[PDB]
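The structure under discussion appears below in the form of structure tokens.
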Amino acid sequence: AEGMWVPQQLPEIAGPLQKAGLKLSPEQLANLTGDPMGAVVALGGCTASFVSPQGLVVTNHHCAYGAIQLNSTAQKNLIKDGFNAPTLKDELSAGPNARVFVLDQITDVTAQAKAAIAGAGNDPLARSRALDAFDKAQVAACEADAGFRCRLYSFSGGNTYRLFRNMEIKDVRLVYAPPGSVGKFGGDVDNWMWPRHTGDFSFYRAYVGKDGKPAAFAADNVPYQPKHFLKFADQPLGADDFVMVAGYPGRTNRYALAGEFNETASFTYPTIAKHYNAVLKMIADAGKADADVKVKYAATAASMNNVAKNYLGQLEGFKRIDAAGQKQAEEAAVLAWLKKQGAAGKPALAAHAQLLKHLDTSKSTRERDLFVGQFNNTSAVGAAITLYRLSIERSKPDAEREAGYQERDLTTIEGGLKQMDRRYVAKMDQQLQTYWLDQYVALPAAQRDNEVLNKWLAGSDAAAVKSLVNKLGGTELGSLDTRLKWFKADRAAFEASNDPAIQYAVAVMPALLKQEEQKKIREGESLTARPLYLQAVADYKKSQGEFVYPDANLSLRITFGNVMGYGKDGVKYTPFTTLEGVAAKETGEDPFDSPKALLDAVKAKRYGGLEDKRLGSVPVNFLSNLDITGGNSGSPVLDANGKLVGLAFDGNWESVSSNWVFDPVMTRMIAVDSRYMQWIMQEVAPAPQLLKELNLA
Amino acid sequence: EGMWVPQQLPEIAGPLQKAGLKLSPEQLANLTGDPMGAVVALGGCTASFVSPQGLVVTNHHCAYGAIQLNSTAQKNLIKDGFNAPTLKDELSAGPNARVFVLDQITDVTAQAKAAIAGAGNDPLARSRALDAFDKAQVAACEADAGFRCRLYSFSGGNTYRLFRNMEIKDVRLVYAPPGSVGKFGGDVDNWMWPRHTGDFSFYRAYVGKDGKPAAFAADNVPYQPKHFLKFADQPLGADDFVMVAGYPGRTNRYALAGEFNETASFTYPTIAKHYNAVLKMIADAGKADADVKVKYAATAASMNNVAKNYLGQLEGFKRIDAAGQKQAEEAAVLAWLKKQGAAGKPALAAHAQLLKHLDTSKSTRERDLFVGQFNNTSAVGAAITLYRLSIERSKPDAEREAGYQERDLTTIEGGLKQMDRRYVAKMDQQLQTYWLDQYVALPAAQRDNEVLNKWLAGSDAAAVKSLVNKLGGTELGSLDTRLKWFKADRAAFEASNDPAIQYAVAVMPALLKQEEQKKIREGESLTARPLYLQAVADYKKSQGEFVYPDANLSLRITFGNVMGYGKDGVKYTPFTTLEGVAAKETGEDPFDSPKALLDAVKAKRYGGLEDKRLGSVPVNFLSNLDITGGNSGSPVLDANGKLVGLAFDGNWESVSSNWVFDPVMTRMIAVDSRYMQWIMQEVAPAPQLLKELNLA
Ligand SMILES: N[C@@H](CC1CCCCC1)C(=O)N[C@@H](Cc1ccc(O)cc1)C(=O)O
Ligand SMILES: N[C@@H](CC1CCCCC1)C(=O)N[C@@H](Cc1ccc(O)cc1)C(=O)O
């Protein structure tokens with residue numbers, strides 16, 4: 001099924017669900033804090049779910065990569081080796097910014113929100129301020145009670161607003177990670193690819209204080225006791241079987257302008273992919289000189305690889321289906337339907353006009369902005385900026401601070417300063433600074449008009465760069481102790497410091513505030529215009545029959561469909577892989593270097609009671625026609641009776657383009673089978689204490 | 001599953017009927033009758049006669065040399081089509097192009113064995129005794145003017161057969177599709193399925209007006225074949241019986257375990273690394289000078305094919321544990337022999353003797369490769385070949401080194417003409433530089449080519465640069481200079497101040513002893529190799545395995561069925577279709593189909609060739625046949641002997657079968673006759689050929 005359906009749409013997908021094979025009633029799914037929906041949880045930009053009454057939480061390996069990285073060293077490398085905690089007291093802190101969000105409540109605030117936007121009238125900046133003050137106020141009242149964190153979501157370009165209330169668990173700990181050769185089998189070669197043979201899973205545990213409320217890490221913290229948790233399935237999952245996912249997809253752009261798509265396709269994806277592949281070459285090369293670099297920058301590298309490869313796959317996805325054409329046609333098809341309507345269609349035409357005008361701004365300045373943006377987001381310069389910004393925002397009363405820099409956000413900023421001690425190496429940061437500076441000075445002279453940066457460079461040669469990196473080399477912000485002091489410090493200490501990173505942060509901060517202000521004016525303009533056009537586009541879509549659901553916005557969504565393969569001229573991809581496919585791809589070298597205990601077990605056909613008689617072996621990964629995207633990683637896959645049969649982690653090569661234009665023929669989710677998870681834990685990287693917790697011993 | 005010699009038709013009679021063959025088995029034992037007499041050898045490819053006026057069909061990649069010889073940068077036939085509507089338009093395919101038509105096969109085993117035993121004990125004497133026997137049989141068989149003959153060793157030399165062939169020497173190019181069809185997917189799709197490649201082309205064979213073979217004259221008239229193939233009327237579908245007859249070159253399924261271990265660990269990875277380095281050099285020089293791109297097009301393509309093939313076999317080796325299967329079969333044979341008593345002692349001695357041959361070849365292997373490659377650069381290779389030939393002219397004809405006799409002169413002279421369209425001083429110098437950079441990088445112990453270090457005067461980069469400048473002053477770039485030395489004698493070469501010629505004069509005594517040494521080993525292996533392979537075949541038969549000699553450039557027969565293959569997560573289907581070619585489109589090489597094709601497919605112009613079981617027209621198909629190099633261009637015949645396509649490649653998991661056959665995943669890729677027809681109807685038309693073939 002196409003669709004990232006919101007739970008409020010359960011009425012209209014009820015029939016389709018049952019017809020696909022659901023054997024629960026949809027009313028049981030409509031209880032979002034009941035069984036099974038209430039066990040689905042957000043981590044941030046991943047999904048997860050509870051699977052035990054003592055607060056055990058399962059998700060993807062690549063979602064846990066962060067925490068695993070944080071706790072790794074070059075001597076004791078848990079990314080490579082995996083990890084297991086036989087008792088509570090062995091479990092490792094996932095870090096200060098690890099979160100588990102448990103849904104308390106959703107409420108519609110559409111009428112209020114719109115009334116606040118209307119109360120600002122004409123002026124764009126006011127329209128943006130008013131929405132911002134509405135958000136803050138709704139969030140303050142919702143978060144009055146301790147241990148809740150609330151968020152406001154814009155749907156359908158602003159036609160709908162809903163407020164989510166979550167309990168925010170702040171003490172999360174690692175319990176189990178398989179070896180990297182299992183969790184990340186096939187690495188960057190197999191990424192976005194079927195056939196796939198990857199054991200992408202890991203386990204956390206949620207803790208709270210003795211008193212029951214979320215607390216930061218503490219030795220006397222205790223396991224959280226969830227209302228609801230999923231059970232592993234006792235019914236073997238075969239081809240054509242019903243499946244569904246619930247989760248927190250991030251962003252889709254299916255209702256975007258043909259122009260937005262065109263700027264993305266011909267500038268952003270090729271540019272980013274190109275430069276990422278350069279930076280990655282540089283990190284790999286440094287990482288062989290010193291294995292501390294390899295480990296401290298491994299989360300950055302994994303994430304950049306994923307993005308760069310994704311972008312190359314979307315470009316090609318666009319040729320496969322000519323998305324420039326379809327966008328053009330559907331866009332002109334709508335502008336026509338509106339032309340027909342009895343004077344009531346004229347306001348949406350005016351909206352289209354405004355939205356067009358947004359796109360042209362950057363043609364000459366867009367390489368520059370990337371390069372400057374990326375330099376300002378290297379570690380020491382980025383810390384310096386964050387810190388200096390906060391000191392200004394601390395001037396103001398709390399209600400008027402920028403989102404990001406309120407009281408309720410201090411915890412998180414402070415956690416980031418801490419986390420960077422595990423992700424920072426001076427000699428590597430200097431190479432990154434050098435790289436993006438080298439790309440700025442290589443611009444045409446006309447496009448190199450960042451005045452602060454031109455002053456600090458005093459020229460456009462390679463020697464200007466070298467000399468500025470040497471000067472930025474005298475910063476103290478590579479010390480945690482220093483960072484934590486600056487975290488407390490007054491705006492005036494920043495303005496009077498000779499630390500070079502700080503000096504630079506102070507020099508750039510006026511332009512940064514001005515860029516930020518223009519952005520808010522654009523948001524302000526489109527806050528009556530996007531919702532108008534997106535309603536028209538949707539009414540037109542409902543005209544031709546067809547499915548209408550909102551673009552993803554980090555909120556909870558349901559997708560459903562069936563286990564099934566897909567086809568290309570000469571090829572039919574079957575819906576399952578098995579143990580033998582894993583062995584068959586053995587090269588004895590990264591990324592195909594499975595543990596020996598795996599190769600042994602497969603050679604001896606030690607299936608441990610998990611084989612599917614229809615396949616002849618234990619299945620590994622599987623395909624289905626569910627609609628997911630970034631953020632859906634780690635989402636639980638449920639069978640017709642709401643038991644866990646796999647985790648979502650990826651899609652196939654053809655699916656990546658469907659962020660923009662969905663293709664029902666060749667769009668597929670890749671999930672890891674609950675049977676492979678259990679197999680690995682029995683026969684390869686044993687977790688006996690954990691197989692007992694999940695009642696599988 | 002096997003590369004069966006015609007003499008083995010008895011055994012496979014049952015399997016052939018079982019597989020779906022309608023013809024009788026003994027229709028096929030008729031090698032000059034039907035439909036086998038239609039199958040021809042091109043040298044190192046296969047083809048077939050398909051019209052009573054001497055039309056021949058092969059792969060575009062086999063014809064690629066002819067097309068390239070006939071191409072310039074201004075007029076590139078590779079990129080563009082070629083069609084010849086009348087006889088007078090058909091281009092010469094080059095002096096060295098041939099068609100061999102089989103006359104006769106007689107078994108001469110006992111004479112051959114007699115001849116080597118006759119020399120008794122000395123190894124070098126055994127080498128010469130069989131060189132002498134080969135020549136005698138050849139010169140008597142080749143005595144009638146039209147004919148060419150070859151002696152084949154089978155099964156390590158347990159069998160010897162003589163092949164008699166009518167030698168057609170005027171071959172002309174009739175039709176080539178554009179390169180974006182005949183080589184669709186270039187190096188990305190090479191060795192891969194699913195495949196979408198229109199790999200075919202047409203030659204015409206000519207004789208003089210006597211009916212006798214003659215070199216290119218405009219007086220010559222098309223040969224009239226006794227037998228030719230008809231295109232199928234019956235549509236080919238999945239499960240249908242298919243067979244191929246052709247000339248597979250070499251297989252190594254009967255290699256010793258150490259032979260394999262060294263190919264896998266050294267030869268293939270080394271050659272793959274160095275060929276890729278050189279390919280990038282050539283592609284870069286090619287982008288600079290369009291002249292270089294065209295003249296070196298056959299080299300690049302050949303080097304790419306080899307390079308990707310070697311990468312493929314190494315992955316096969318790990319996918320089937322080749323190393324462990326070879327070891328297991330060797331150990332099992334060695335043990336089956338240890339208690340045959342006296343029936344097994346001879347074979348064990350022979351194994352031991354073969355292992356020494358391998359130990360000697362290890363010591364020198366890295367130098368042998370770089371010096372070999374250097375000595376086969378165009379100018380140096382010429383100098384060596386020409387000088388060697390004048391040395392050989394001194395001697396009477398029967399006493400000359402095979403390849404340097406009267407019969408071989410026409411070939412040698414052809415090579416020097418063909419090199420004209422395949423040589424550019426500045427590229428040859430980059431190739432000379434490359435192989436020399438690899439020699440001087442060797443550790444000092446292994447840089448023991450006396451002559452070459454003398455000519456180097458150092459071993460840094462700028463001593464290489466100085467030697468290549470010194471060789472810059474040669475005139476062997478000019479055709480008429482090469483042709484002059486083709487005529488001259490020993491004394492002139494020894495008198496020459498041409499750098500390359502002095503070089504060849506200097507190296508020739510080393511080369512001659514290195515070659516004397518080779519013949520001593522060849523002499524040792526003439527009794528060992530047959531003994532040991534007789535043991536392996538003995539053991540294999542007791543286990544009831546399929547038993548058949550390694551390919552040796554002779555005519556062979558293979559059979560099976562139209563079917564795909566599976567992998568974990570994937571079920572490959574037997575055919576591709578027109579829409580598959582349109583879907584791979586980029587508009588940039590090598591996925592840049594001609595506009596005519598995109599349009600014909602976009603508007604569903606199936607020219608009445610659609611097969612219903614697919615929504616459109618077939619492009620390529622798969623089947624479980626046993627092919628290897630030389631089987632390219634081989635006709636693929638349906639169960640009733642008609643033609644349904646040409647063999648042109650294998651899938652990725654197949655290439656490893658050179659050394660260890662995997663039946664589950666070894667498949668042939670062929671181009672379907674309907675795609676051929678479809679192309680000459682709706683894309684780059686050839687109505688004149690549709691007429692000649694009874695498809696209009
Ligand atoms: N491709 C994954 C990233 C990992 C794959 C396993 C090896 C290590 C890297 C990814 O980005 N997944 C997304 C989920 C997703 C699924 C399907 C589609 O079309 C798009 C995204 C995520 O992490 O949220
Ligand atoms: N891969 C082909 C040559 C390609 C040249 C570029 C254009 C497309 C074809 C090849 O090497 N074919 C072999 C035959 C062969 C078939 C099957 C197996 O397993 C091995 C070899 C040939 O040229 O004879």
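Every chain in the structure tokens has a letter given in the order shown (A, B, ...), and although residue numbers restart at 1 in each chain, ligands are simply numbered from 1 in the order shown.
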
Given 6 Å and only C-alpha atoms and all ligand atoms, residues near ligand 1 as number ranges by chain: A: 46, 62, 184, 187, 191-192, 306, 628-633, 649-651, 655-656, 669

Taking only C-alpha atoms and all ligand atoms into account, list the residues no farther than 8 Å from ligand 2, as an mmCIF file with N, CA, C and O atoms, in the first residue's frame.
data_model
loop_
_atom_site.group_PDB
_atom_site.id
_atom_site.type_symbol
_atom_site.label_atom_id
_atom_site.label_comp_id
_atom_site.auth_asym_id
_atom_site.auth_seq_id
_atom_site.Cartn_x
_atom_site.Cartn_y
_atom_site.Cartn_z
ATOM 1 N N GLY B 44 40.013 -18.018 -33.790
ATOM 2 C CA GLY B 44 39.582 -18.140 -32.398
ATOM 3 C C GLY B 44 38.140 -17.699 -32.096
ATOM 4 O O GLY B 44 37.866 -17.289 -30.965
ATOM 5 N N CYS B 45 37.224 -17.800 -33.079
ATOM 6 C CA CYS B 45 35.779 -17.656 -32.890
ATOM 7 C C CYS B 45 35.063 -18.731 -33.714
ATOM 8 O O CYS B 45 35.667 -19.422 -34.522
ATOM 9 N N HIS B 60 29.230 -9.683 -33.379
ATOM 10 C CA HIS B 60 29.821 -8.370 -33.615
ATOM 11 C C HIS B 60 31.193 -8.253 -32.960
ATOM 12 O O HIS B 60 32.084 -7.635 -33.522
ATOM 13 N N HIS B 61 31.401 -8.880 -31.805
ATOM 14 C CA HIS B 61 32.701 -8.795 -31.151
ATOM 15 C C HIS B 61 33.760 -9.609 -31.896
ATOM 16 O O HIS B 61 34.934 -9.293 -31.777
ATOM 17 N N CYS B 62 33.362 -10.630 -32.669
ATOM 18 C CA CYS B 62 34.323 -11.425 -33.427
ATOM 19 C C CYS B 62 34.727 -10.679 -34.701
ATOM 20 O O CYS B 62 35.855 -10.814 -35.179
ATOM 21 N N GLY B 182 25.452 -3.874 -31.007
ATOM 22 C CA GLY B 182 26.316 -5.047 -30.991
ATOM 23 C C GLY B 182 27.198 -5.126 -29.746
ATOM 24 O O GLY B 182 27.729 -6.196 -29.434
ATOM 25 N N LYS B 183 27.343 -3.987 -29.057
ATOM 26 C CA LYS B 183 28.123 -3.901 -27.827
ATOM 27 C C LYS B 183 27.346 -3.115 -26.756
ATOM 28 O O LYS B 183 27.938 -2.508 -25.868
ATOM 29 N N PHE B 184 26.004 -3.167 -26.812
ATOM 30 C CA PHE B 184 25.148 -2.511 -25.831
ATOM 31 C C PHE B 184 25.519 -2.972 -24.414
ATOM 32 O O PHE B 184 25.556 -4.171 -24.108
ATOM 33 N N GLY B 185 25.791 -1.975 -23.564
ATOM 34 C CA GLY B 185 26.162 -2.183 -22.181
ATOM 35 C C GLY B 185 27.673 -2.304 -21.985
ATOM 36 O O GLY B 185 28.108 -2.504 -20.853
ATOM 37 N N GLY B 186 28.449 -2.247 -23.080
ATOM 38 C CA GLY B 186 29.909 -2.317 -23.054
ATOM 39 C C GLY B 186 30.467 -3.183 -21.926
ATOM 40 O O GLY B 186 30.112 -4.361 -21.820
ATOM 41 N N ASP B 187 31.290 -2.557 -21.064
ATOM 42 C CA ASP B 187 32.065 -3.236 -20.031
ATOM 43 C C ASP B 187 31.296 -3.382 -18.712
ATOM 44 O O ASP B 187 31.690 -4.181 -17.870
ATOM 45 N N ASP B 189 27.954 -4.397 -18.581
ATOM 46 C CA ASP B 189 27.119 -5.575 -18.755
ATOM 47 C C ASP B 189 27.962 -6.795 -19.158
ATOM 48 O O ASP B 189 27.449 -7.905 -19.176
ATOM 49 N N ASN B 190 29.252 -6.617 -19.472
ATOM 50 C CA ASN B 190 30.102 -7.730 -19.886
ATOM 51 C C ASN B 190 30.159 -8.774 -18.764
ATOM 52 O O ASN B 190 30.221 -8.424 -17.595
ATOM 53 N N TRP B 191 30.046 -10.052 -19.142
ATOM 54 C CA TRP B 191 30.025 -11.178 -18.218
ATOM 55 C C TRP B 191 28.806 -11.131 -17.287
ATOM 56 O O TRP B 191 28.835 -11.688 -16.187
ATOM 57 N N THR B 197 22.139 -7.362 -25.438
ATOM 58 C CA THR B 197 23.201 -6.992 -26.373
ATOM 59 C C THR B 197 22.959 -7.697 -27.715
ATOM 60 O O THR B 197 22.788 -8.924 -27.753
ATOM 61 N N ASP B 199 24.651 -8.939 -30.383
ATOM 62 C CA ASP B 199 26.018 -9.325 -30.723
ATOM 63 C C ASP B 199 25.984 -10.280 -31.916
ATOM 64 O O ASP B 199 26.004 -11.503 -31.741
ATOM 65 N N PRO B 248 35.710 -24.396 -28.897
ATOM 66 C CA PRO B 248 36.212 -23.908 -27.619
ATOM 67 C C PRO B 248 37.730 -24.075 -27.563
ATOM 68 O O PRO B 248 38.249 -25.096 -28.025
ATOM 69 N N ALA B 301 39.286 -3.383 -25.868
ATOM 70 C CA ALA B 301 38.147 -4.287 -25.717
ATOM 71 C C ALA B 301 38.610 -5.682 -25.283
ATOM 72 O O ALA B 301 38.019 -6.322 -24.414
ATOM 73 N N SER B 302 39.679 -6.153 -25.909
ATOM 74 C CA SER B 302 40.228 -7.450 -25.583
ATOM 75 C C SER B 302 40.779 -7.449 -24.159
ATOM 76 O O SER B 302 40.568 -8.419 -23.420
ATOM 77 N N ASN B 305 37.940 -7.392 -21.559
ATOM 78 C CA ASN B 305 37.264 -8.673 -21.459
ATOM 79 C C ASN B 305 38.100 -9.584 -20.557
ATOM 80 O O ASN B 305 37.615 -10.112 -19.567
ATOM 81 N N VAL B 306 39.394 -9.715 -20.846
ATOM 82 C CA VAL B 306 40.271 -10.558 -20.039
ATOM 83 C C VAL B 306 40.251 -10.092 -18.581
ATOM 84 O O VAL B 306 40.167 -10.899 -17.660
ATOM 85 N N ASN B 309 37.071 -10.809 -16.774
ATOM 86 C CA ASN B 309 36.942 -12.264 -16.663
ATOM 87 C C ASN B 309 37.733 -12.794 -15.468
ATOM 88 O O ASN B 309 37.204 -13.539 -14.642
ATOM 89 N N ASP B 626 27.712 -25.682 -22.083
ATOM 90 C CA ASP B 626 29.086 -25.625 -21.593
ATOM 91 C C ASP B 626 29.974 -24.971 -22.661
ATOM 92 O O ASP B 626 30.420 -25.622 -23.617
ATOM 93 N N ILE B 627 30.215 -23.658 -22.496
ATOM 94 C CA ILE B 627 31.021 -22.905 -23.443
ATOM 95 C C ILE B 627 32.132 -22.126 -22.725
ATOM 96 O O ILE B 627 32.173 -22.043 -21.509
ATOM 97 N N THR B 628 33.066 -21.600 -23.528
ATOM 98 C CA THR B 628 34.280 -20.938 -23.077
ATOM 99 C C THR B 628 34.819 -20.176 -24.296
ATOM 100 O O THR B 628 34.166 -20.138 -25.346
ATOM 101 N N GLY B 629 35.983 -19.525 -24.167
ATOM 102 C CA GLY B 629 36.530 -18.730 -25.260
ATOM 103 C C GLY B 629 36.645 -19.561 -26.537
ATOM 104 O O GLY B 629 36.933 -20.756 -26.451
ATOM 105 N N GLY B 630 36.340 -18.939 -27.692
ATOM 106 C CA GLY B 630 36.246 -19.620 -28.980
ATOM 107 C C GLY B 630 34.836 -20.094 -29.369
ATOM 108 O O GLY B 630 34.546 -20.311 -30.555
ATOM 109 N N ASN B 631 33.975 -20.308 -28.372
ATOM 110 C CA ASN B 631 32.590 -20.631 -28.636
ATOM 111 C C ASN B 631 31.799 -19.388 -29.027
ATOM 112 O O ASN B 631 30.610 -19.509 -29.299
ATOM 113 N N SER B 632 32.416 -18.198 -29.042
ATOM 114 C CA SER B 632 31.703 -17.021 -29.523
ATOM 115 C C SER B 632 31.400 -17.165 -31.009
ATOM 116 O O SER B 632 32.278 -17.580 -31.754
ATOM 117 N N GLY B 633 30.169 -16.783 -31.399
ATOM 118 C CA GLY B 633 29.692 -16.835 -32.773
ATOM 119 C C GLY B 633 29.071 -18.187 -33.120
ATOM 120 O O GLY B 633 28.386 -18.300 -34.130
ATOM 121 N N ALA B 647 25.577 -17.906 -29.635
ATOM 122 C CA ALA B 647 26.352 -17.859 -28.396
ATOM 123 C C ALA B 647 27.250 -16.626 -28.372
ATOM 124 O O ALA B 647 27.936 -16.377 -29.352
ATOM 125 N N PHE B 648 27.279 -15.879 -27.261
ATOM 126 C CA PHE B 648 28.219 -14.765 -27.204
ATOM 127 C C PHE B 648 28.861 -14.523 -25.831
ATOM 128 O O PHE B 648 29.868 -13.830 -25.801
ATOM 129 N N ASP B 649 28.331 -15.057 -24.716
ATOM 130 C CA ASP B 649 28.886 -14.764 -23.395
ATOM 131 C C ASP B 649 28.331 -15.763 -22.378
ATOM 132 O O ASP B 649 27.563 -16.665 -22.752
ATOM 133 N N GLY B 650 28.793 -15.612 -21.115
ATOM 134 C CA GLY B 650 28.285 -16.318 -19.940
ATOM 135 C C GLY B 650 27.925 -15.373 -18.793
ATOM 136 O O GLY B 650 28.354 -14.213 -18.777
ATOM 137 N N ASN B 651 27.162 -15.879 -17.814
ATOM 138 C CA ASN B 651 26.869 -15.105 -16.608
ATOM 139 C C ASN B 651 28.078 -15.093 -15.668
ATOM 140 O O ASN B 651 29.026 -15.884 -15.807
ATOM 141 N N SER B 654 29.520 -18.139 -14.018
ATOM 142 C CA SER B 654 29.896 -19.191 -14.956
ATOM 143 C C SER B 654 31.413 -19.273 -15.165
ATOM 144 O O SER B 654 31.936 -20.366 -15.383
ATOM 145 N N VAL B 655 32.111 -18.124 -15.102
ATOM 146 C CA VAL B 655 33.464 -17.995 -15.628
ATOM 147 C C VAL B 655 34.430 -18.893 -14.849
ATOM 148 O O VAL B 655 35.438 -19.347 -15.390
ATOM 149 N N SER B 656 34.096 -19.183 -13.584
ATOM 150 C CA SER B 656 34.917 -20.019 -12.728
ATOM 151 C C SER B 656 34.979 -21.470 -13.234
ATOM 152 O O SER B 656 35.830 -22.255 -12.791
ATOM 153 N N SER B 657 34.095 -21.816 -14.181
ATOM 154 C CA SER B 657 33.937 -23.191 -14.624
ATOM 155 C C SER B 657 35.080 -23.615 -15.537
ATOM 156 O O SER B 657 35.249 -24.802 -15.803
ATOM 157 N N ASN B 658 35.890 -22.647 -15.974
ATOM 158 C CA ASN B 658 37.137 -22.965 -16.629
ATOM 159 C C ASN B 658 37.931 -24.014 -15.838
ATOM 160 O O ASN B 658 38.489 -24.918 -16.455
ATOM 161 N N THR B 666 26.100 -22.219 -13.880
ATOM 162 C CA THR B 666 26.784 -22.020 -15.151
ATOM 163 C C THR B 666 25.746 -21.958 -16.275
ATOM 164 O O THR B 666 25.063 -22.949 -16.528
ATOM 165 N N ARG B 667 25.634 -20.793 -16.943
ATOM 166 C CA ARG B 667 24.679 -20.589 -18.025
ATOM 167 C C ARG B 667 25.360 -19.919 -19.220
ATOM 168 O O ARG B 667 26.265 -19.093 -19.047
ATOM 169 N N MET B 668 24.872 -20.228 -20.437
ATOM 170 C CA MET B 668 25.269 -19.482 -21.623
ATOM 171 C C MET B 668 24.299 -18.323 -21.896
ATOM 172 O O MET B 668 23.083 -18.486 -21.789
ATOM 173 N N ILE B 669 24.848 -17.170 -22.314
ATOM 174 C CA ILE B 669 24.047 -16.105 -22.897
ATOM 175 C C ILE B 669 24.210 -16.097 -24.419
ATOM 176 O O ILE B 669 25.342 -16.010 -24.913
#

Selection: 7 Å around residue 250 in chain B, only C-alpha atoms, excl. self and same-chain fewer than 3 positions, as a PyMOL selection string: chain B and resi 550-553

12 Å contacts from chain A to chain B using only C-alpha atoms, as an MDAnalysis selection string: chainID A and resid 193:197 315:322 564:589 592 615:617 619:623 670

Those of range 317-556 of chain B in DSSP helix (DSSP H, G or I), formatted as a ChimeraX atom specification: /B:317-320,322-338,345-363,365-374,378-393,397-399,406-421,425-440,444-446,450-456,461-472,479-487,490-493,499-542

Atom pair CA of residue 129 in chain A / CA of residue 522 in chain A: separation (Å):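 So the answer is 12.0 Å.
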
Nearest to residue 65 in chain A by atom-to-atom distance, counting only C-alpha atoms, from A:301, A:323, A:638, A:372: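 Comparing A:301, A:323, A:638, A:372 against residue 65 in chain A, the winner is A:301.
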
Quick one: everything within 8 Å of range 352-357 of chain B, counting only C-alpha atoms, minus sequence neighbours fewer than 3 positions away in the same chain. Send it as a PDB file with N, CA and C atoms, in the first residue's frame.
ATOM      1  N   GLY B 258      48.310 -27.465  -7.619  1.00  0.00           N
ATOM      2  CA  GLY B 258      49.287 -26.383  -7.522  1.00  0.00           C
ATOM      3  C   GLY B 258      49.253 -25.428  -8.718  1.00  0.00           C
ATOM      4  N   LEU B 348      52.191 -41.860 -10.298  1.00  0.00           N
ATOM      5  CA  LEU B 348      52.680 -41.146  -9.128  1.00  0.00           C
ATOM      6  C   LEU B 348      54.029 -40.503  -9.444  1.00  0.00           C
ATOM      7  N   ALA B 349      54.867 -41.199 -10.212  1.00  0.00           N
ATOM      8  CA  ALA B 349      56.137 -40.633 -10.645  1.00  0.00           C
ATOM      9  C   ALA B 349      55.906 -39.363 -11.474  1.00  0.00           C
ATOM     10  N   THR B 360      60.005 -24.325 -10.942  1.00  0.00           N
ATOM     11  CA  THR B 360      60.955 -23.582 -11.765  1.00  0.00           C
ATOM     12  C   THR B 360      60.327 -22.305 -12.331  1.00  0.00           C
ATOM     13  N   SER B 361      59.012 -22.354 -12.588  1.00  0.00           N
ATOM     14  CA  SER B 361      58.294 -21.265 -13.231  1.00  0.00           C
ATOM     15  C   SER B 361      57.924 -20.183 -12.218  1.00  0.00           C
ATOM     16  N   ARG B 521      61.277 -29.283 -20.892  1.00  0.00           N
ATOM     17  CA  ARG B 521      60.069 -29.481 -20.106  1.00  0.00           C
ATOM     18  C   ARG B 521      58.915 -30.053 -20.940  1.00  0.00           C
ATOM     19  N   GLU B 524      59.507 -33.606 -21.225  1.00  0.00           N
ATOM     20  CA  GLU B 524      59.242 -34.310 -19.977  1.00  0.00           C
ATOM     21  C   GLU B 524      57.744 -34.518 -19.770  1.00  0.00           C
ATOM     22  N   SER B 525      56.931 -33.521 -20.137  1.00  0.00           N
ATOM     23  CA  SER B 525      55.488 -33.603 -19.921  1.00  0.00           C
ATOM     24  C   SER B 525      54.801 -34.491 -20.965  1.00  0.00           C
ATOM     25  N   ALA B 528      54.699 -37.755 -18.948  1.00  0.00           N
ATOM     26  CA  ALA B 528      54.092 -37.548 -17.641  1.00  0.00           C
ATOM     27  C   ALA B 528      52.622 -37.146 -17.771  1.00  0.00           C
ATOM     28  N   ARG B 529      52.347 -36.079 -18.540  1.00  0.00           N
ATOM     29  CA  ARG B 529      51.028 -35.464 -18.530  1.00  0.00           C
ATOM     30  C   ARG B 529      49.986 -36.508 -18.929  1.00  0.00           C
TER      31      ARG B 529
END
